[PDB]
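Chain IDs A, B, C, D, E, F, G and H follow the sequence of writing; residue 1 opens each chain.
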Amino acid sequence: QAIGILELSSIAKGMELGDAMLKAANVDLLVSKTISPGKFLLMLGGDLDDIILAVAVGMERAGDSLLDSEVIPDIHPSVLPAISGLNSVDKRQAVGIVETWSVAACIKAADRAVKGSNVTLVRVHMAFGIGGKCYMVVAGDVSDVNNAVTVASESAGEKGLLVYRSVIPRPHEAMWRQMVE
Amino acid sequence: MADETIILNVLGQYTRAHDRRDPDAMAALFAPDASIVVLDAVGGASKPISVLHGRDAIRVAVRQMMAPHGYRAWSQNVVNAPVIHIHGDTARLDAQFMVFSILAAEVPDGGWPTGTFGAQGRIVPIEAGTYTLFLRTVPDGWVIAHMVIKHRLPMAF
Amino acid sequence: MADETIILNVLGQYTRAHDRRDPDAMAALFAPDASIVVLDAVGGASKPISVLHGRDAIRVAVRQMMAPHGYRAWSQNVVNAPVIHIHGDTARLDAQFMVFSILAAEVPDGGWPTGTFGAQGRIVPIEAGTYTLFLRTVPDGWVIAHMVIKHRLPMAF
Amino acid sequence: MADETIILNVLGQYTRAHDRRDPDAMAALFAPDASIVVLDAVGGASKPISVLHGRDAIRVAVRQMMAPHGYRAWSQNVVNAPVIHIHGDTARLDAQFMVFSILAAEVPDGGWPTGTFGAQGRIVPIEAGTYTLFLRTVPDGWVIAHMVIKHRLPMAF
Amino acid sequence: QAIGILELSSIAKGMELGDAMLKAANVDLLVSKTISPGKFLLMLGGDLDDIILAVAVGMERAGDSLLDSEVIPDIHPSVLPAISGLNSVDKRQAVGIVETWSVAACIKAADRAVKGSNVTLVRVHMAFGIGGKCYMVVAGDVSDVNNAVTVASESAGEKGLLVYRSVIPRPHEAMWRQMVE
Amino acid sequence: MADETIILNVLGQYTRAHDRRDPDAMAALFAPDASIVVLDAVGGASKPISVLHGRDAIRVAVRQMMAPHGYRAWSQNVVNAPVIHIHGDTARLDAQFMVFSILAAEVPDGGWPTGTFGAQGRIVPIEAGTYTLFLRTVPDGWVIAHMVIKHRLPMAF
Amino acid sequence: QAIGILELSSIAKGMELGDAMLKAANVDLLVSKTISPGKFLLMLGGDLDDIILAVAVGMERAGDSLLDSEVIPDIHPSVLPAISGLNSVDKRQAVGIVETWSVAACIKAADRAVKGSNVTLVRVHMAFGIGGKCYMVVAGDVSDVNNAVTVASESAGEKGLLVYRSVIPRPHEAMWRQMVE
Amino acid sequence: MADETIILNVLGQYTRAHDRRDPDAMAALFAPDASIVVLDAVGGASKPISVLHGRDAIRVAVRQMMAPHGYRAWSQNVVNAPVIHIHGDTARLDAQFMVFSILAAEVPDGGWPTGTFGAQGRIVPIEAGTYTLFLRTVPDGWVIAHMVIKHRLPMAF
């Protein structure tokens, strides 16, 4: 129900913390990838008290390798499978895209979109790191999607970190094959 | 990019939002606590017309107070003669505006007559006056912190 | 501030003075020995109309040669498509102008009818042509050292 | 000179060429492989009208597709509300345009009547829409590499 | 047949144009990949009139997100399957590589190589796309490859000398796979 | 890198390709309008031998004016004593060249006779003279736009 | 029928080459003037093979004094008397002026104007050196002049070295006394 | 221009004056107080052959120590393998030299025999050793202040 983020400046140090955080709290490994160049991104999920403990363990054990840390509390549980992978969408429906500037604001946008509408949060992508360009993809009825993008645009522009918002009813076969897949 | 260019782009994007009747796009140009003070000014006056406060009051004042474009009609808010003074982290923009009504003539089913050759429609000016903007600096660029609109034609509602 | 911005502000303030019929404000924009050469240009011509020399001849050519705004009427000298080239301590500004007549309809004593909703008045173009300005540098900013006005409609007096 | 000023001068000189009907002057503003895509846009559409490719197709599309000015008539392509974004060696310019018809009244042989005092002629808007320009850098300054023209009135031929 | 390339500075805007351009004319979508630091690459192919119209719709609908747009006219239809695909269905004995400095030159150099002889273009790879040093792989005999490699070097060298050229008469099964990979 | 080093590398690539008998790498060093003027210099005279003009004449010259080496044959174009003078975007290179023929002896049966040391073959000078290059800057270094080859020995055709 | 140009950085070296080039090929001295400051301009005319030889002789004998060289091949023979001096025009007629940026592009413009129209190439002037402002003057019928200026504007703008083009039918007595004379 | 290239240009102009037998151009490369020490070092040591001191002594040396070529005769002083150490305004260049003799064969009757290719003459090396120069800094350029010439072969003039 909460997400903790750790950005390390050493790949070996990141794999060390991933073993230390998983063996100190009941947390789940959402993502664990190497952000170019020479950086490591570690995101966990689960209960807030288990996340604050996991972040605290890795925060001191990081030494000088820590670059940034952030804990996102109280998110809907359906946002977790959207970060670690894809949520399979059977129906075509409509698609909305919300591109933000920080992965913290992207998850907070994906939370208020899920908690406020009956859309299917497809995926939450992040090319760079915690401060790189991110975008969330939702699928559902044109009314559900247009409201999910409206609320997700507020939680991004409120911080001032909204890049662009888009709603695409009836996506072309070449585009729905790429946003959802 | 240059500061004067960014400020004039705020005014240009206000025109695109005014003609498209896009309340989301226009309210994004203003600060969260901006204030639009539409003033009547026929005869060098300053009688108030409508005063809006905040983005929320601005968004609703686009769905209302502004006739929804219907059928094959559009507008062009001709912004003319811009004067801009920048004072560090703040600036003031002054411009003249004229709103033109655009009505598209119906295309005949069988096609246009062979004799006609120019653009087929009607264009007529409706409103005129002056915009005066007070802009403050923002990490992105510039936003509108205050605006007054002087109408030189009697506005009715 | 930028040089091109200051020069365009001279042209914008010339429009405000032209519509307000303010001779003190307009003559302040020119050098003490400036020369306005109004030329007729219907048909690619250059037949002279009126040549003014100095601020004094410019001030008096605002009280006359320019109809005093009366009742509830105004103008908007729409300056369009500015082209500006700067050559050190001198610059040349070229623009197109259209003058619009603004007439305000009388507001009924009991009030506007309930059916009317838009701006109530008349707006009609009158004059059109091109302004060409030659500006020199001044400790404050820029002033107009020479100007020619090409009217593309036959001017009568 | 400033980059934004040079780019706006390309748009201003396009207006002078559009009103003078000068195909040599207008084609010089475009890259040798530029593409003008005139699109109809009454009702938020994008139905194609005429697509030109290269300077040669642009020159011939000025002798045709554009009524030759006759007698004592002229035009004023009022370019309004320019928005410009520069991205290094490339830039995008977006503006609104209105074309005004200018017709000069015949001067009487004996002279104008003593009662008349204003400019004697007719000015009427004809066309309206938006220009969108994509410019690339050139050793001299900027040239137009691509342009789309959205007409908001139904164009007939 | 022509090629239309579009570069956007935001992913959400790119996938919105990728749908708006596919609904504006009868065009085939070639490449729609993401490039760091968060830009997008839209390449289309088809008739010249449909491509320019697609680029036209994609140009106005791009706003400030547009970074680069270019239309490459009069391209042999055999060049389109090389992009977003492979010509490995034909024979073997792949010979010749040409590495330009931009993709616009790599497509122009690939078209001049088809007009030179019967040498078959296996693929036209890429990296940074418009600015990347995209290369072209050829399959043919030594007599016809050297002329095809030369005209591609002169095509690139007409504006900026290509990175390097090669011959490779006999493809050791190691290098052959990588070229057709 | 140094401009003097790039020009010397162009001369080195000329000699490396002069022995390889590569016409493609040869003409790649010249501008598309480069002209080579080979002339006899026995006794300080300057009678013309060959006047090549353009890359086409240069490529064909490598096909005809020089013969490819035989089996176990090679050559070395020893260039020495260079004088460089760079004037902005242009430069001039003057150097002394001398061509040596190289022939290799076949290995008899299995190997050389027992007690054989050193190399086995012939190295004989054949040509000698002075090169003179005129180079122009390109976005990727320098190219040859004019070359004058003087031979201190008569050439046989 | 061809023109060779030599720009020297020493007046004494230029007078040395003028004697060496005239005594090594059958070339004609078109111009030989001192361009300010401390520079010398040497232009020759005649057959192409005689020009390439003359330029080659002066190119090596220039030493370090050479600043730039250029050979303009295949020009109409009537352009030669227009560079060394004036071509006497009896009739008033109309006058056209084509101002270019390089003397190479000015002669190439004056060539295509003569070869394409029946005008009388008056003079080809050059205030500075080979890269300084140049202008050609032609005289003839308004139809001949308007076409001669049109073609001469192409050969200048094609390189991108066109300054300004002008056609003056019925020149005032004070101006025809200056352009032609 | 780089100093190393200027130093190499002095050496390049030395070999050209040496082959051309130019006494005025030879001593022009030396300071009026320079001293040239020619010595023999077949196996080693420094057997003094000649110690010419003075700019005029260098001019006389060309007219005496080296014989003019003659009809269809020439030479090429191939200097190579240069090492340069600046270390202040007084640099030191050291390079290996090898003098070649060039004789040209007369064209028989009305041309060479049918099928003859290449150059026709004799090219044989005659001298070899090492040059050692010490150059100071003249106001514009560099000049030679001392030179040591070690011959690997005994001179018998």
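Basically, a residue touches a chain if its C-beta (ideal position, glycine included) is under 8 Å from a C-beta of that chain, and two chains touch if they have at least 3 such contacts.
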Fitted rotation between subunit B and its twin subunit C in degrees, CA, nearest 5: 120
Chain pair, F-G or E-F, that carries the greater number of C-beta contacts: F-G
Interface copy of F-G among D-G, D-E or E-F, judged by whether over half of the contact pairs recur: D-E
Inter-centroid spacing, subunit G versus subunit B (mean Cα positions, whole Å): 58
Subunit D and subunit E, separation of their C-alpha mean positions in angstrom: 35
Centre-of-Cα separation between subunit F and subunit C, whole angstrom: 72
Centre distance in Å when subunit C and subunit G are each reduced to the mean of their C-alpha atoms: 48
Residue numbers of subunit D (touch at least two other chains): 2, 78, 80, 85
Multi-partner residues of subunit A (at least 2 other chains): none
Which pairs of chains touch, using the document's own definition: A-B, A-E, B-C, B-D, C-D, D-E, D-G, E-F, F-G, F-H
Subunit F residues touching subunit H - in the complex, by the definition given at the top: 2, 4, 42-43, 67, 78, 80-86, 94-96, 98, 125-128, 151-157
Parts of subunit E lying in touch with subunit A, wherever the complex brings them together: 10-13, 15-16, 18-19, 22-23, 29, 32, 34, 36-38, 65
Touching residues on subunit B, where the partner in the complex is subunit D: 1-2, 5, 8-9, 11-13, 15-16, 72, 74, 76-80, 100, 102, 104-105, 107, 112, 116-121, 123-124
Interfacial residue positions of subunit A with respect to subunit E in the complex: 36, 97-99, 127-128, 132-133, 135, 163-166, 168, 171-172, 174-175, 178-179
Of all residues in subunit F, those that touch subunit E in their complex: 24, 28, 139-140
